[PDB]
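Read the structure below first, then the notes.
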Amino acid sequence: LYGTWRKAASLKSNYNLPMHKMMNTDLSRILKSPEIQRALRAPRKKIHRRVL
Amino acid sequence: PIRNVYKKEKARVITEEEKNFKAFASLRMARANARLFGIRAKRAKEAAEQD
Amino acid sequence: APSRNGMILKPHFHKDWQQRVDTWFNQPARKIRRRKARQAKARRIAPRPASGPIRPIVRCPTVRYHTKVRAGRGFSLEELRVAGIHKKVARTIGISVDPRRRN
Amino acid sequence: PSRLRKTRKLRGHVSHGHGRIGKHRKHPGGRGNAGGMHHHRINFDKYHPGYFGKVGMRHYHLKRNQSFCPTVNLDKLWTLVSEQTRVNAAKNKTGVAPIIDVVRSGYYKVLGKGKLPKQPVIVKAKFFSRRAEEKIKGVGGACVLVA
Amino acid sequence: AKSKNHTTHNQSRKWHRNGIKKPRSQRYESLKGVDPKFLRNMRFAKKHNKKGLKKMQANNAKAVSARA
Amino acid sequence: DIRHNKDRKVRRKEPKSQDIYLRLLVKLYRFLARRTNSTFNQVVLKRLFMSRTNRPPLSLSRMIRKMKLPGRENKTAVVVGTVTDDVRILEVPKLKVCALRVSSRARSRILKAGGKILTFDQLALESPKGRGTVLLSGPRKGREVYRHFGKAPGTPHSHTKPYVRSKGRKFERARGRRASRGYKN
RNA sequence: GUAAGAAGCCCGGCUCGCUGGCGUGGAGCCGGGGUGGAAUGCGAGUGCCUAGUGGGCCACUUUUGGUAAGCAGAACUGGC
RNA sequence: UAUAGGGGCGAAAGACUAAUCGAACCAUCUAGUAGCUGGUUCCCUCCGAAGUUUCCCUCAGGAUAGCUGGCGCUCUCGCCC
RNA sequence: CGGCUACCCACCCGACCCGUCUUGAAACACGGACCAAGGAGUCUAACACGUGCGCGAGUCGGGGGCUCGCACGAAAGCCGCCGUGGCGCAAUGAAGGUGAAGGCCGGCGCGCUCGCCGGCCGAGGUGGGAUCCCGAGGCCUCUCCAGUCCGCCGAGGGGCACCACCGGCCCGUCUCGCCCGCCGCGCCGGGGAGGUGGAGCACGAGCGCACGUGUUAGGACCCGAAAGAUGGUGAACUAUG
RNA sequence: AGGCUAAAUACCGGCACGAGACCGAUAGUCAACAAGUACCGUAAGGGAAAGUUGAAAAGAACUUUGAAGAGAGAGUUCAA
Ligand SMILES: [Mg+2]
Ligand SMILES: [Mg+2]
Ligand SMILES: [Mg+2]
Ligand SMILES: [Mg+2]
Ligand SMILES: [Mg+2]
Ligand SMILES: [Mg+2]
Ligand SMILES: [Mg+2]
Ligand SMILES: [Mg+2]
Ligand SMILES: [Mg+2]
Ligand SMILES: [Mg+2]
Ligand SMILES: [Mg+2]
Ligand SMILES: [Mg+2]
Ligand SMILES: [Mg+2]
Ligand SMILES: [Mg+2]
Ligand SMILES: [Mg+2]
Ligand SMILES: [Mg+2]
Ligand SMILES: [Mg+2]
Ligand SMILES: [Mg+2]
Ligand SMILES: [Mg+2]
Ligand SMILES: [Mg+2]
Ligand SMILES: [Mg+2]
Ligand SMILES: [Mg+2]
Ligand SMILES: [Mg+2]
Ligand SMILES: [Mg+2]
Ligand SMILES: [Mg+2]
Ligand SMILES: [Mg+2]
Ligand SMILES: [Mg+2]
Ligand SMILES: [Mg+2]
Ligand SMILES: [Mg+2]
Ligand SMILES: [Mg+2]
Ligand SMILES: [Mg+2]
Ligand SMILES: [Mg+2]
Ligand SMILES: [Mg+2]
Ligand SMILES: [Mg+2]
Ligand SMILES: [Mg+2]
Ligand SMILES: [Mg+2]
C-alpha cells in the first residue's frame, strides 16, 4: 500500500515513501566517534570569573 | 470508452531531399500567397483588360 | 486609499451581494442523493448497463481541441443506414441516435 | 487565530494602534480608486504608468481558441519522448532517425534553443521558427509540416 | 485660518539621523552620455581585439618570459 | 552618550522551523563550528538557520557547470538546501554530491551515473573540518519577487515590472509608457 | 566643493570602422616586477515590508512688516 | 358630509392639517454618508518620531518624499599590517 | 518572642482630578453621583511581502466519480487513459506576426569594416567576492633514517551567491547598402551592419496549504445627522365649503 | 412568426425528523413563563418586564402577646 524506498506503492499510483533526512539520528555516537574527535579543539573548561 | 489511440510511425530513414524539403520560408510564402491571392487575380484581370 | 506599492484592485462587491450567497453546505448530501439515485436506477434497470445508450466517436470542433477525440450524443442517420438497422428500433435496442448531426 | 492576532496585544491602548491626532475615519481619502487623476496622481503615475487611456484597436468577440499556440523549445524537444529513444539513436546502427511529434505532447510551434545533441531527428509540427529550423538542419535533422 | 507657511527647522537632524553619506563609488561607473561615435569606436576596438591579440601578444609573452 | 538604535544585531541565531531533523543537524553543526574552528563549519551552520527564501533550490545543470571548473575533480559539492533535477541536460558526470532533501527525479539521474550521494550527518562523519569541499548555492535573486523591486516603475529607467492584474493590451500601457499618450516614462 | 593611493604610478605589446603629415593623438585589452602614504575615532554594505506624522511652540544670535505686543513671518543650533 | 402630504385648506400670520407644519404620521430602502465630535478593555521588555518638500476646488483632508520599526541577508576582527 | 502585609492611628517630607482635542489642562474647557451586568478592529473575496510545511519544472482534485447501509462518517481513503482546467515553464508589437547559445583552433575566396568549411567542449570577459585547493618556512628526550606523532602560515589557483561594467541573443522602430531561394520568379519571402524602446533570454523556481502584517470592496472598530425614495393611516384638534 | 414533455437545479413559508467546537435568562428568535400577551396611539403601527423552595409540602399542629399585619416558644427536613 505504501511501498519501500526501492519500489513505489502498488495501490497508490504516483506515491513513494518519504525521504529520510538524517541517516543516523543518534548524536551521541556521532560526537563520540573517533573521526569527529580526531580534529577537535581542547576543552578549556576554565571559568575565568571576575577578578576584584 | 473513447480512450485515445495514436499512429506509431516509429522510425524511418531520412530521404535525400528532406534537408531542403521544407523551411520557415515555405510557411512564410504560404502565408504571403494566402494574403495576396485575390489581389494578384484582380491585377491579372485588369492587365488582360488592357491586353 | 492606495498604499506605497500594490496591484490596483477592482473588486465586484459594490452590489448588494450578502443577500444572495450560495454556500455549499449541502454538497455531501447532494452527492449521497446522486449516488443513491444512480444505485436505484442501476438496480431497476439491472439487465441494462449504466449509461446504456452507446455514444459515437466525436471530434472536437475548435482548433484547440481538434487533435483529441471524445464521446458524443448519438449516431447519425447515415451511420444507422450504413449499419443497416432501422432508425426507430435503435432507441429500444440501446443505441442513442442524433438526427441533427451530419457526416 | 485571534489569540495570535494583533488586536489582543492592543488592549489598554485607547487609540488601538491608530494615533490620537488623526483617528481612524471611515474612508478619509476616498472609496476605492477615487481620484486616480488628481490628489492621487503622484502615486498613480509613479506605481502604475500607462493606466489611463486606450492604446490598441478593439476586436469584437475574441476567442482564446484561435490564438491557441503553445511553444516548445529544442532543449525540451527530447523530454517529450522516452529516454530509451535517445540511447537507441545514439547507438547509431544505421542512418535512421527517431520521429518526435510535438502534436501528441500538445505543442504546435517549435522555438529555437541551443545545445542540441548530434543525433538526427524528424520533427512534425504545424509551425517552426527560423532559428530552430536552421539549428535542427545544421545537425542533420528534418522538419515535417502537419496540419 | 492662517497657518505656518514654510520652514526648514528640524530637517538637518532628520537628515543626519540616517546619514548624508556620499554615493557608492565603484569602478566602471557607466558609459551613458558618452559620445555615440566614441562608444561605437570603443565597441569596434573591443570586438576586433581578439583577432590579433591572441597571437602577437602570446608571442610577446613568450619572448618576455624567455628574457626573464 | 550613544544612541541605541543599531546596538541589537538583527541576524537570527536559532532556526524558526520545528523540524526535528533540522534541529538535530543544527545541534551537531553548532558543536562542530564551535570546536573544530572551521570557517566552513561556521558558514554551513549559518546557512541552516536561513529561511525558505534564503535557501534557493540549486538546479542540476548549474551544479554540473560549477563542478566542471578546473580543480573540482574529486571535491565534494555541498548544497545547503534542495537540489532539483534538470531536464535540459542529458548526460551527467560522476557527481559525488552532498545536499539536503534531494529530489526523487534527480536521485535516479545521479545514481545511474555511478556517483554516490550522502547526507549532512554522513558528511560530518566523513570530513568534519570540511576538507576537499565546494560550497554551492542556488540563485538567491533568481526569484520572481526580486523582479518587481527597484526604485519605482515611473522613473525613465525603471525596468521593474509593475504589478498588473492581467497582462495584455489596454493594461497599464497608455499614459506613461508611450510618447503618443502623455509622456514616455 | 575636491584631493591626501594599490580602483595609483612606472614598462612592454596588441585592437580601433574615432581623429589623422607622421607608428599622430585618444580610448580598450593583455603580460611580469615593486602597498608603510595627515591626525583622531568607529565595524560596515544592502534588500523588502511598514504604522504614526502631514495645527506646533519657545530661547542666544542674524533678521522682514509693525510705534509696540506674551503680534505676524524667516536662517543655524538647542529645548518643550 | 367633501377636499390627504409637494397635497388639502387659508378675510394671507407660509398660519392650520390629532401637543409635531418653511412640507404630518407609520414601516421599509437603512447598520443611508460624514474629510466632523466622543469612546475604543491584560502585564512586562526593546526600539522609538513628525508637524517638513511637491501635487490635488487643495487649507479640519489625502497622495508622494522624509523621520520610525520589523524581517533579514553579504562580508570584516578576533594570533613590519 | 518574630511577623511584611489588603486593620486602625501619628508625626516628617513630597504631594492640584482622572480620560482626550491641543504648542499649551488641575483649570473659570468638555464627560463622570455611586455600584453590578453588556460594550467596540470581527468575517468574506482579492492583492503585496515575510515565515513554516510537502512536491519540484512541475504543482494543485477544492469539481465530479468509486468502495458497504452506518453513532463518531457533512470525516477519512482512492481515481491514473478523470489534469478538462488554474499558476509557472517566453517574451515583444495596436495588429497582421515574429519569437532568445556562446568560446577555441586551422584553411580558402583580395582571413577584405570579409562569408563558409572541419574538430571540441558547450551560456562570454573584467574588478571585488564566503568557502575550497596547492604551498616556501619554521613548531615534538641524547643521533643520519622514516611513515602518524606538534602544528600554524607568506605567496599562488579554480572561484557559490551577489555587486558594477563591457560584449552576446529575441521582439517593435530609424539609416545604410548587398546577398540567397522558388508548388511558381511577383509593390513574393529570408538574411546583415549600426542607434534606440520592452514588464525580455543569457542552465529555469514555481505550485498548494497555514500563519502574521499592510491596503482595499463589502454596514466593515463602535455610536451619531440636516436630507432622498417607495407604499399606506389620519378633517375626534384646527382651516374651509 | 404553432404546441407538449420527467431528469440533474432552488427552496429563510408548511408538515415531521436528526445533528451542533453556537447562546445559557441584560445572552439566544421580540417571546424558555397565561408573548405578538399586558400596555400605548383614532388608525396605519409600536411592543415589554417576568425561570429556580424543598429528595419528598413533609407549607410550620399546638400555647401565648397583639383587633390584625407581626412576633416569642414549639414542630418537619441533614439544613428554615
Ligand atoms: Mg495609511
Ligand atoms: Mg450599496
Ligand atoms: Mg503606546
Ligand atoms: Mg492617515
Ligand atoms: Mg491634522
Ligand atoms: Mg501646515
Ligand atoms: Mg531609547
Ligand atoms: Mg497601525
Ligand atoms: Mg498665531
Ligand atoms: Mg513668532
Ligand atoms: Mg417630494
Ligand atoms: Mg398641531
Ligand atoms: Mg419630502
Ligand atoms: Mg456603524
Ligand atoms: Mg495642507
Ligand atoms: Mg529605515
Ligand atoms: Mg532598524
Ligand atoms: Mg480609557
Ligand atoms: Mg479637532
Ligand atoms: Mg487654542
Ligand atoms: Mg487633562
Ligand atoms: Mg474640566
Ligand atoms: Mg462652559
Ligand atoms: Mg457634568
Ligand atoms: Mg464586563
Ligand atoms: Mg491542459
Ligand atoms: Mg444612522
Ligand atoms: Mg438629492
Ligand atoms: Mg404618497
Ligand atoms: Mg369636524
Ligand atoms: Mg417552434
Ligand atoms: Mg415552441
Ligand atoms: Mg426537475
Ligand atoms: Mg461561542
Ligand atoms: Mg426581557
Ligand atoms: Mg391569636
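Just so you know, all these numbers are worked out from the coordinates, no wet-lab data involved. Methodologically, a virtual Cβ is constructed for each residue, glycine included, from the backbone with ideal geometry; neighbour enumeration extends over all protein chains shown.
Below is a table of values for the structure above.
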{"item": "Acute angle (nearest 10 degrees) that the helix F:39-49 long axis makes with the longest principal axis of chain F, alpha-carbon atoms", "result": "60 degrees"}
{"item": "Length-normalised contact order for segment F:23-99 - Cα pairs under 8 Å, 6+ apart - percent", "result": "27 percent"}
{"item": "Segment D:1-67: chymotrypsin sites (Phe, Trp or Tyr not before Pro) in DSSP loop, at most 13 other beta carbons within 10 Å", "result": "D:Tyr60"}
{"item": "Distance from segment F:32-91 to segment C:4-57 (C-alpha centre basis), Å", "result": "49 Å"}
{"item": "Reachable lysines from E:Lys2, criterion Cα separation under 27 angstrom, eight or more residues apart if same chain", "result": "D:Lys23, E:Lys14"}
{"item": "Cross-link partners of F:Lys96 among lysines (Cα-Cα below 21 Å; sequence separation of 8 or more within a chain)", "result": "A:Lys21, F:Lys66, F:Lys68, F:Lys75, F:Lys112, F:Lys116, F:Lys129"}
{"item": "Relative contact order (%) - criterion: Cα under 8 Å, at least six apart; region: segment D:1-146", "result": "16 percent"}
{"item": "3J(HN,Hα) from dihedral phi, segment E:6-16, Karplus parametrisation 6.51/-1.76/1.60, rounded to Hz, x for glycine, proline", "result": "6, 9, 10, 6, 6, 10, 4, 5, 4, 5, 6"}
{"item": "About the Cα centre, charge dipole magnitude for segment D:15-78 (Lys/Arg +1, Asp/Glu -1 at Cβ), debye", "result": "440 debye"}
{"item": "Cα-based helix-to-principal-axis angle, B:37-50 vs chain B, degrees rounded to 10", "result": "30 degrees"}
{"item": "Whether segment D:1-138 is rounded, prolate or oblate, judged on the alpha carbon gyration tensor where a/c under 1.5 counts as rounded", "result": "prolate"}
{"item": "Shielding by partners, peptide C:69-81 (average Cβ within 10 angstrom, other chains)", "result": "1"}
{"item": "Anchor F:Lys167: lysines whose Cα lies under 29 Å away (excluding residues fewer than 8 positions away in-chain)", "result": "C:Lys10, C:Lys15, D:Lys46, D:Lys54, D:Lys63, D:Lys76, D:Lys109, D:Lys113, D:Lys126, F:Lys141, F:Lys151, F:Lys184"}
